[PDB]
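Before any comments, here is the structure.
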Amino acid sequence: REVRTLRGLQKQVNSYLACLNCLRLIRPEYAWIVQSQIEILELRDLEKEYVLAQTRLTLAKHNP
Amino acid sequence: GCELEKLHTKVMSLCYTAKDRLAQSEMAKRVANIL
């Protein structure tokens, strides 16, 4: 995300699919991020980022 | 050190939501250290 945008959106969708599949694999156990509680709640926020990307693409498709 | 303290707390409990809270506190302390 930090280096550059745009064509990275479809890659971020694939990454959301990967994170969602990994969460389904590890259903009861928690895991913490450092550099903490970036479990299921922030994964729902990444889902919001995906919906924002979908809406932007649909608006972009209605322009031409 | 912190892990050992957690183990000691677990031993005290023996003789867990509270444990989870303690872990969260430890995480907060780590964040403070990072800051």
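Quick note on naming: the chains in the structure tokens go A, B, ... in the order shown, residues restart at 1 in each chain, and ligands are numbered from 1 in order of appearance.
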- request: Compute the chain A side of the contact with chain B at 9 Å, counting only C-alpha atoms, and hand it back as a PyMOL selection string.
  value: chain A and resi 34-37
Any chance you can output those residues with C-alpha atoms as an mmCIF file, in the first residue's frame?
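The new file again.cif reads:
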```cif
data_model
loop_
_atom_site.group_PDB
_atom_site.id
_atom_site.type_symbol
_atom_site.label_atom_id
_atom_site.label_comp_id
_atom_site.auth_asym_id
_atom_site.auth_seq_id
_atom_site.Cartn_x
_atom_site.Cartn_y
_atom_site.Cartn_z
ATOM 1 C CA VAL A 34 3.545 -5.381 16.615
ATOM 2 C CA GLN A 35 4.825 -2.407 14.492
ATOM 3 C CA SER A 36 -1.670 -4.921 18.831
ATOM 4 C CA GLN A 37 -5.306 -6.090 18.780
#
```
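Non-sequential neighbours of region 10-16 of chain A (distance at most 12 Å, separation of 6 or more positions within a chain, only C-alpha atoms) are residues 1, 4, 22, 23, 42, 43, 44, 45, 46, 47, 48, 49, 50, 51, 52, 53, 54 and 57 of chain A.
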Okay, now the selection with N, CA and C atoms, as a PDB file, in the first residue's frame?
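Contents of selection-v2.pdb, freshly written:
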```pdb
ATOM      1  N   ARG A   1       0.801  -1.214   0.000  1.00  0.00           N
ATOM      2  CA  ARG A   1       0.000   0.000   0.000  1.00  0.00           C
ATOM      3  C   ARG A   1       0.840   1.274   0.000  1.00  0.00           C
ATOM      4  N   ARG A   4       2.838   2.576  -3.734  1.00  0.00           N
ATOM      5  CA  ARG A   4       1.999   3.204  -4.741  1.00  0.00           C
ATOM      6  C   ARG A   4       0.611   2.583  -4.758  1.00  0.00           C
ATOM      7  N   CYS A  22      -7.086 -17.374   5.954  1.00  0.00           N
ATOM      8  CA  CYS A  22      -6.239 -17.604   7.114  1.00  0.00           C
ATOM      9  C   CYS A  22      -6.966 -17.481   8.446  1.00  0.00           C
ATOM     10  N   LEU A  23      -7.890 -16.506   8.576  1.00  0.00           N
ATOM     11  CA  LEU A  23      -8.788 -16.394   9.718  1.00  0.00           C
ATOM     12  C   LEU A  23      -9.722 -17.595   9.873  1.00  0.00           C
ATOM     13  N   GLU A  42     -10.295  -5.234  13.212  1.00  0.00           N
ATOM     14  CA  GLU A  42      -9.589  -4.572  12.118  1.00  0.00           C
ATOM     15  C   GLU A  42      -9.763  -5.295  10.785  1.00  0.00           C
ATOM     16  N   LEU A  43      -9.905  -6.640  10.794  1.00  0.00           N
ATOM     17  CA  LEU A  43     -10.282  -7.386   9.599  1.00  0.00           C
ATOM     18  C   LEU A  43     -11.646  -6.965   9.029  1.00  0.00           C
ATOM     19  N   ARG A  44     -12.641  -6.656   9.891  1.00  0.00           N
ATOM     20  CA  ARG A  44     -13.874  -5.985   9.483  1.00  0.00           C
ATOM     21  C   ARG A  44     -13.661  -4.569   8.942  1.00  0.00           C
ATOM     22  N   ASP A  45     -12.672  -3.804   9.437  1.00  0.00           N
ATOM     23  CA  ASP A  45     -12.265  -2.527   8.860  1.00  0.00           C
ATOM     24  C   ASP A  45     -11.589  -2.643   7.494  1.00  0.00           C
ATOM     25  N   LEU A  46     -10.743  -3.669   7.266  1.00  0.00           N
ATOM     26  CA  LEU A  46     -10.229  -4.019   5.943  1.00  0.00           C
ATOM     27  C   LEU A  46     -11.331  -4.383   4.948  1.00  0.00           C
ATOM     28  N   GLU A  47     -12.393  -5.064   5.418  1.00  0.00           N
ATOM     29  CA  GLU A  47     -13.598  -5.315   4.646  1.00  0.00           C
ATOM     30  C   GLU A  47     -14.312  -4.033   4.224  1.00  0.00           C
ATOM     31  N   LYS A  48     -14.382  -3.019   5.118  1.00  0.00           N
ATOM     32  CA  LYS A  48     -14.851  -1.682   4.770  1.00  0.00           C
ATOM     33  C   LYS A  48     -13.991  -1.012   3.704  1.00  0.00           C
ATOM     34  N   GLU A  49     -12.641  -1.121   3.785  1.00  0.00           N
ATOM     35  CA  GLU A  49     -11.727  -0.643   2.748  1.00  0.00           C
ATOM     36  C   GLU A  49     -11.984  -1.291   1.389  1.00  0.00           C
ATOM     37  N   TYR A  50     -12.251  -2.615   1.366  1.00  0.00           N
ATOM     38  CA  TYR A  50     -12.664  -3.331   0.171  1.00  0.00           C
ATOM     39  C   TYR A  50     -13.981  -2.802  -0.413  1.00  0.00           C
ATOM     40  N   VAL A  51     -15.025  -2.579   0.412  1.00  0.00           N
ATOM     41  CA  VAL A  51     -16.297  -2.010  -0.034  1.00  0.00           C
ATOM     42  C   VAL A  51     -16.142  -0.593  -0.580  1.00  0.00           C
ATOM     43  N   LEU A  52     -15.287   0.244   0.051  1.00  0.00           N
ATOM     44  CA  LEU A  52     -14.920   1.547  -0.484  1.00  0.00           C
ATOM     45  C   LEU A  52     -14.250   1.464  -1.852  1.00  0.00           C
ATOM     46  N   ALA A  53     -13.327   0.498  -2.052  1.00  0.00           N
ATOM     47  CA  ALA A  53     -12.726   0.217  -3.341  1.00  0.00           C
ATOM     48  C   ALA A  53     -13.727  -0.252  -4.400  1.00  0.00           C
ATOM     49  N   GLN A  54     -14.669  -1.157  -4.051  1.00  0.00           N
ATOM     50  CA  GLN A  54     -15.734  -1.607  -4.941  1.00  0.00           C
ATOM     51  C   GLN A  54     -16.628  -0.471  -5.421  1.00  0.00           C
ATOM     52  N   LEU A  57     -14.637   1.788  -7.879  1.00  0.00           N
ATOM     53  CA  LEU A  57     -14.607   1.134  -9.177  1.00  0.00           C
ATOM     54  C   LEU A  57     -15.939   1.177  -9.916  1.00  0.00           C
TER      55      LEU A  57
END
```
* Asked: Tell me, which residues of chain A carry DSSP alpha helix (DSSP H), written as a count of residues only?
  -> 41
Separation of CA of residue 33 (chain B) from CA of residue 26 (chain A), in Å and rounded to one decimal: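 About the pair CA of residue 33 (chain B) and CA of residue 26 (chain A): they are 29.3 Å apart.
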